[PDB]
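Only one structure is covered here, and it is reproduced in the block below.
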Amino acid sequence: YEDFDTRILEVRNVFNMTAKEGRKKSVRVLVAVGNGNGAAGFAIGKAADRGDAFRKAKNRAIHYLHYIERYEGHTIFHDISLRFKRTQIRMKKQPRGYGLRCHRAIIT
Amino acid sequence: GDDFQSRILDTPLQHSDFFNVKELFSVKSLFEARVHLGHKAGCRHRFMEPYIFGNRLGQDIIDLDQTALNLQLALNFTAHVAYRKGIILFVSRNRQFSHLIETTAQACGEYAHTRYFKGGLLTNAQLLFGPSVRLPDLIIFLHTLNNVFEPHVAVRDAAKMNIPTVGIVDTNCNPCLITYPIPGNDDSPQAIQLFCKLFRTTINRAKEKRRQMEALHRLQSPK
Amino acid sequence: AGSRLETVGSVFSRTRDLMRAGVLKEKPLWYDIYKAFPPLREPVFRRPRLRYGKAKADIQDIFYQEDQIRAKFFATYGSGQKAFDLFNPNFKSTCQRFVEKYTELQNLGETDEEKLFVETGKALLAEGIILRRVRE
Amino acid sequence: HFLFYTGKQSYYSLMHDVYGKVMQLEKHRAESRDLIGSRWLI
Amino acid sequence: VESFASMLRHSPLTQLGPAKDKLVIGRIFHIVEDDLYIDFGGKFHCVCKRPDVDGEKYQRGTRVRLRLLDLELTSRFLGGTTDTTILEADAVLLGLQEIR
Ligand SMILES: [Mg+2]
Numbered sequence: 217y218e219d220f221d222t223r224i225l226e227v228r229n230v231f232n233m234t235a236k237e238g239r240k241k242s243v244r245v246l247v248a249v250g251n252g253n254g255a256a257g258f259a260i261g262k263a264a265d266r267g268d269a270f271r272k273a274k275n276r277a278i279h280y281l282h283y284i285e286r287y288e289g290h291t292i293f294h295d296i297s298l299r300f301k302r303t304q305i306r307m308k309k310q311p312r313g314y315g316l317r318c319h320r321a322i323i324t
Numbered sequence: 052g053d054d055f056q057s058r059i060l061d062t063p064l065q066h067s068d069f070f071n072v073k074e075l076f077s078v079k080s081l082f083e084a085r086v087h088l089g090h091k092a093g094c095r096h097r098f099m100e101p102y103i104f105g106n107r108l109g110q111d112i113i114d115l116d117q118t119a120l121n122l123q124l125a126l127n128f129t130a131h132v133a134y135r136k137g138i139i140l141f142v143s144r145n146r147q148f149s150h151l152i153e154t155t156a157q158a159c160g161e162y163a164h165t166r167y168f169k170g171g172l173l174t175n176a177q178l179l180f181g182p183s184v185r186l187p188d189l190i191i192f193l194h195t196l197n198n199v200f201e202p203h204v205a206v207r208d209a210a211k212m213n214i215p216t217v218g219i220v221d222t223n224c225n226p227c228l229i230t231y232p233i234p235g236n237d238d239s240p241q242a243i244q245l246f247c248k249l250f251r252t253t254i255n256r257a258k259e260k261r262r263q264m265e266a267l268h269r270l271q272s273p274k
Numbered sequence: 002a003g004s005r006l007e008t009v010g011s012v013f014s015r016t017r018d019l020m021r022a023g024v025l026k027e028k029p030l031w032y033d034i035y036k037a038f039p040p041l042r043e044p045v046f047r048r049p050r051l052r053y054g055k056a057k058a059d060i061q062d063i064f065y066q067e068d069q070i071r072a073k074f075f076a077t078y079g080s081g082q083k084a085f086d087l088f089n090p091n092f093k094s095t096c097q098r099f100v101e102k103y104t105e106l107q108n109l110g111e112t113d114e115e116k117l118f119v120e121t122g123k124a125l126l127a128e129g130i131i132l133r134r135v136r137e
Numbered sequence: 148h149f150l151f152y153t154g155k156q157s158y159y160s161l162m163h164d165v166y167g168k169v170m171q172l173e174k175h176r183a184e185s186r187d188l189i190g191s192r193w194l195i
Numbered sequence: 076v077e078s079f080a081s082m083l084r085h086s087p088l089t090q091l092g093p094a095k096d097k098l099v100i101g102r103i104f105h106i107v108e109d110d111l112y113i114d115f116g117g118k119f120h121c122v123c124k125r126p127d128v129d130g131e132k133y134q135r136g137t138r139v140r141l142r143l144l145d146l147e148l149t150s151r152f153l154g155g156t157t158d159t160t161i162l163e164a165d166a167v168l169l170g171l172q173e174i175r
């Protein structure tokens, strides 16, 4: 998968209280992958070591590849407004040279 | 050489009924086997109402005209897959028909899994079976519900792996994820026996046609 | 690398997308078959929902015109003492013979239901069928 | 083997044979102690 | 060729009308100890108990007489969204059918 790139979107140090260890820490990583040609996916990997959470999330996301339709290879086909849970996103189709003017995660 | 291989694999797709599966069954044949009998109205699934002819005093009746159309498509698809030497797996958790379905698969030359389905069998196959295990190319669900009246795990797991599924779907079943749903009775022994014969005759015809198709094209190469 | 997303699209559309992306280099063997002989409906996921308010299903109660006659026969004589044989595809029950004769008289032009019910009983009595008018 | 995808092809192949034998005996129709001082294999 | 609509109208099951307290002929196909599994031509079989009288007569293939009650035993329960079904029919075994 040399044509695919992986980017990190969040690294969290959550805690699970245990009788043996008290507060126990794991690394929860959210990553996204894409080949820059319409195919992309995301996954979450959890482990006790950060390096392991990177491997788990990176190889899991390659199994959930969406294909996204791009108008003329540079933009969305039409405006998109949606609510996912309590997060609202309002995307707009723009002409060439407009660039990405979006949340930093959306730019990634 | 290359032309012959193209002829074997590309010619069957230029005919609407290359294997003549239409003759195997008829609306009358299905009605004799009680394939139009569904569960009571209380057990009805919302996505099965398109296929229901009506409610005869509480018992949903399955339109055997839609069943004939859908069965033709499902049998036609199952034949081309068998023609191309794909792996076909019969799946059911109904224990009354466990031995019949395992015997059917053996007669066809294919595979059956009528036992407890292990979580990850298809999504985690390489762990459970080995490094280079080849997964099924088609799964035929004679029963799509498990013994706790829930969808068989392999319906979702076959979609996750992008495997087409031919399933018998009674009035209480969920056909949305079945690629080729066949609306019909799944409980009666005479209905299940009919479907098993149809899938067995169809697969053997498709396998036999491939043998004949290869001999004719192969013979032409020297001749 | 694949698309284990069974709630978006269908197995065929997801396989079409993976090949367009460049991840799936060889067509599956079932692909060309699906392209030529697709199912009637696209196999896409849909979440079942309950009906609310005044939404109702669209299932016709199957009631033929013979049932009006059959209901009377069961109320007046019950089920025929001869047992139903549902394995014989051409079985003729005592009630079905009553409804066949009741129809014949109605074709002649009798308009009174009472006339057709008592005359039919007489005709079957001549045939020798044992009809017991069991109020119990 | 046609029972490969069960994961216990040999256990289920044997349970297939004994269940088919049982069916033929039940359909077709003395002391059963033909062997004594024996145990089932562990 | 007869249509499905005609086949349904002239079907023995359509003639039966309501299946409560009707008399039907069944065939024993499976026996488990003193439990008889009887096919009476419907979707689901019934399961009755071997009568004390003439118990040996009730063997596989033996045709019997029954009094139907339900073709499928189902019931929705408090808080349920669908009817629970036991995939069985209800009938009372009356005795062997006279071969005559
Ligand atoms: Mg069913």
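Protein chains in written order, with the authors' numbering: chain D, 217 to 324; chain B, 52 to 274; chain S, 2 to 137; chain G, 148 to 176, 183 to 195; chain W, 76 to 175. Positions of the beta carbon are idealized from the N, C-alpha and C atoms, including for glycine.
Asked                                                                                                                        : Found
Coarse secondary structure for B/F76, derived from DSSP in three states                                                      : coil
Inter-stretch contact (C-beta, 8 Å, three-pair minimum) for the region 89-104 of chain B and the region 128-144 of chain B   : no
Terminal residues of the alpha helix (DSSP H) in which D/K272 lies                                                           : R266 to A277
Any non-hydrogen atom of ligand 1 closer than 6 Å to W/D158 Cβ                                                               : no
Cβ-heavy atom distance, B/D237 to ligand 1, below 6 Å                                                                        : yes
beta-carbon W/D129 near ligand 1 non-hydrogen atom, thresh 6 Å                                                               : no
Residue range of the unbroken alpha helix (DSSP H) whose run includes G/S160                                                 : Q156 to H175
Host alpha helix (DSSP H) of W/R135 (start-end)                                                                              : Careful: W/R135 lies outside any alpha helix (DSSP H) and carries neither H nor E.
Close-in-space but distant-in-sequence residues of the same chain around B/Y162 (CB under 8 Å, 5 per side omitted)           : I138, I139, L140, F141, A156 and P187
Identity of the residues DSSP links to B/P234 by a beta bridge                                                               : B/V220
For B/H164, the nearest candidate out of B/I191, B/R95, B/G93 and B/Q241 (CA to CA)                                          : B/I191
Cβ pair residue 1 of chain B, B/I254 closer than 7 Å                                                                         : Because residue 1 of chain B is not part of the residues shown, which for chain B are 52 to 274, the question remains open.
Interface flag, S/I63 vs chain B, CB-CB below 7 Å                                                                            : yes
Anticipated Cβ contact below 8 Å, B/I214 with B/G235, distance rounded                                                       : 22 Å between Cβ atoms; not a contact.
Any non-hydrogen atom of ligand 3 within 6 Å of B/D221 CB                                                                    : For the structure depicted, ligand 3 is absent and the ligand set comprises only ligand 1.
D/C318 burial status per 10 Å Cβ neighbour count (16 or more: buried)                                                        : exposed
Through-space distance from D/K309 to S/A56, alpha-carbon basis                                                              : 38 Å
Short CB-CB distance (under 7 Å) between S/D113 and chain W                                                                  : no
7 Å Cβ cutoff met for S/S4 and S/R15                                                                                         : yes
Option in B/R95, B/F104 and B/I103 with minimal Cα separation from S/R50                                                     : B/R95
Cβ of B/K169 within 7 Å of any chain G Cβ                                                                                    : yes
Beta carbon proximity, B/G218 to chain S, threshold 7 Å                                                                      : no
Beta-carbon contacts of G/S160 that lie in its chain and below 8 Å, excluding the five residues immediately before and after : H148 and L150
Beta-carbon neighbours of B/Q123, restricted to chain W and to distances below 9 Å                                           : Going along chain W, no residue has its Cβ under 9 Å from B/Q123, so there is no contact; the nearest lies around 15 Å.
Short Cβ contact (7 Å threshold) for S/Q97 with W/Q90                                                                        : yes
Interface flag, W/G116 vs chain S, CB-CB below 7 Å                                                                           : yes
Per-residue contacts from W/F119 into chain B (C-beta, under 7 Å)                                                            : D238
Short CB-CB distance (under 7 Å) between B/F82 and chain W                                                                   : yes
Residues of the region 121-145 of chain B whose Cβ lies closer than 7 Å to any Cβ of chain S, in chain order                 : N121, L124, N127, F128, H131, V132, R135 and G137
Segment contact flag, the region 63-81 of chain B with the region 5-12 of chain S, C-beta cutoff 8 Å, min 3 pairs            : no
6 Å Cβ shell around B/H87 - same chain, five flanking residues per side excluded                                             : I112, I113 and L115
Of the listed residues B/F250, B/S239 and B/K260, nearest to W/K118 (C-alpha basis)                                          : B/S239
Contact between the region 64-84 of chain S and the region 144-152 of chain B (3+ Cβ pairs under 8 Å)                        : no
Cβ pair D/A235, D/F258 closer than 7 Å                                                                                       : no
Identity of the residue in B/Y231, B/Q263 and B/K248 nearest B/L151 by Cα                                                    : B/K248
Residue-level contact to chain B via CB, S/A2, 7 Å cutoff                                                                    : no
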